[PDB]
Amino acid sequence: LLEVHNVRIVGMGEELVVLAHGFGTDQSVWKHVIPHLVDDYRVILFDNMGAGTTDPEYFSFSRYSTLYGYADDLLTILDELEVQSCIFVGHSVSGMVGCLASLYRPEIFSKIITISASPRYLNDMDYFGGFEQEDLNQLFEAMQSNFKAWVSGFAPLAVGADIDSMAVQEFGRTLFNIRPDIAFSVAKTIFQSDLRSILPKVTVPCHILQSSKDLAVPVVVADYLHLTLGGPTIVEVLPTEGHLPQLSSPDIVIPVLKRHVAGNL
């Protein structure tokens, strides 16, 4: 692989950092983040299997029916690159994917930084995830009925912000660049996942970064990861609207993100 996942390892810093994107985007979500990192860290970038940046023929529906499929790709990428230790920054679903990979290899990550991550989106007893099965089923209809129409409405809510901002239009193009039945498949995999029972077995220090107003992730989800994760944790609410803050509000987010990439607890 590596050619397959578009791996790119730009940077000139002493510590290694991996940037993993979430659903609907690719490594272009880190556009504004990379220049702030290259002087202090060496940055590994890649694209998840199934992104628009990716040949759909290597997308095994069977392999990526769980988030553990992505966690293995991560550990495979990191072994191709002879990586023995790094800091993992994961956006949205990739935040959980890193926690999964750390169950397999608890030494690979000295640190996990999640941005807008959630172990479960469906509401449950004493768990506000923010969605119910009706909210989910309604979304899977519109996703199949008219995918182009669904992207038109889903993008301005995901990024938050104006239906005219660059981030909304850029996210909408990478979201529409996914093969529609792959996108439908990955969406059910993320929005119906449930990873709460494995959080107490995650002993890697986790820095939880959460946007102030996020459509998919309520702010209480961050404090749930704070109390349920096994290792050291720390929560930081970003004063920002949107699900992809490192894309829509980089000026605000990067000083915070760079502080936690350098944090010891």
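Numbers for residues come from their place in the sequence shown, where the first is 1.
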### Query
For the stretches 52 to 60 and 219 to 227, which has the higher mean C-alpha B-factor as given in the deposited record?
52 to 60
### Message
Which is higher on mean Cα B factor in this entry, 153 to 161 or 189 to 197?
### Response
153 to 161
### Query
Taking the Cα B-factors listed in the entry, which of 102, 76, 92, 85 comes out highest?
85
### Query
What third of its chain, lowest, middle or highest, does the C-alpha temperature factor of residue 121 fall into?
lowest
### Task
Please place residue 257 in the lowest, middle or highest third of its chain by C-alpha B factor as given in the entry.
lowest
### Query
By the record's CA B-factor, is residue 80 among the lowest, middle or highest third of residues in the chain?
middle
### Task
Classify residue 141 as lowest, middle or highest third according to the C-alpha B-factor given in the PDB entry, relative to its own chain.
highest
#### Entry: Ranked against its chain, the third holding the CA B-factor of residue 19
lowest
